[PDB]
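For reference, the chain that follows is the form deposited in one PDB entry, supplied as structure tokens.
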């Protein structure tokens, strides 16, 4: 019976709705979501919402949904996004669905200026993005100004030929054509190989303060923590790889990163609300757990996947060549229907 609560879950490309009750856990809602869309590499994902206080977090899967301050509005809003990024997408993103999702989430972040991207890289990124949307460049169907309708570059990157958007749709095409002979999938994965190397890719930024009260930025990623200055979020002032951490903890707004190396100092910072601290150590344990995972041998589930992937691919290199030949003929056959009709137009 229990009062039902309306829930909207937006994925990168989809739009979902569900129903939950007071005793429903985050994990239970999560599994309904992944079940639906058909995702198996769940370990990189999570459900994100906004704080009553205005922050952005990930629903805890072990506790009840309505038990962790949600906006208290209806329906409830959650975004199904990538929460942990791998160290090598080429090696760790096994299935397409998983690739497409990272791809869309990252592109959105590259296009909205959430992730810094130098102009030349943005242009190159756009080409791969068009290559997977439009396919090989066709000098016949792709009538100049074909790109004129979609977001290809960050606003920052634009404006440099502003009111001259044609120059961009021009520089981009130069590369689009340079990609003839590459499937949507490879383009996507190549986009990611490029993005995956940007200085602020896959970095969770937290606003903090120095022991004296200096506004800094903490960052958590698959490699450790970093402290950035208030005017720069691209370059770390101090680093903290896992191997350089022997113990981290907090005490209501006070964080402590115990060095593992030649008894260096002891970095400490202070966060406004208490949750922020709880969250930071959560991301860390998460990222570190995954950091370790990649180091140990592949599990068993993975081995099955990586396998039903290579074979799944091969089954699409043949199908890709079967639909190719049964039309590479259709040409030689219609180049005849012509050769003849033409010769007998007398």
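Residue numbers count along the first chain shown, from 1. In this text, the rigid core denotes the largest set of C-alpha atoms whose superposition between the two forms falls within 1.5 Å.
The same protein also exists as the form deposited with a partner chain bound; that form is not shown, yet it is the one meant from here on.
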item	value
Triplet 119, 124 and 232 all within 4.5 Å of the partner chain in the deposited complex via a heavy atom	yes
Partner-contacting position among 77, 183, 216, 94 - heavy atom within 4.5 Å of the partner chain in the deposited complex	216
Listed residue that, although the partner chain is not shown, lies within 4.5 Å of it in the deposited complex (heavy atoms), from 152, 208, 110, 187	208
Any non-hydrogen atom of residue 262 within 4.5 angstroms of the partner chain in the deposited complex	no
Heavy atom of residue 173 within 4.5 Å of the partner chain in the deposited complex	no
Distance check, residue 291 to the partner chain in the deposited complex, heavy atom within 4.5 Å	yes
Contact test in the deposited complex: residue 88 vs the partner chain, heavy atoms, 4.5 Å	yes
Rigid core superposition between this form and the one not shown: residue from 233, 193, 100, 79 with Cα shift of 2 Å or more	233
C-alpha of residue 274 off by 2 Å or more between this form and the one not shown on rigid core	yes
Shift of residue 152 between this form and the one not shown at or above 2 Å (CA, core fit)	no
Shift of residue 137 between this form and the one not shown at or above 2 Å (CA, core fit)	yes
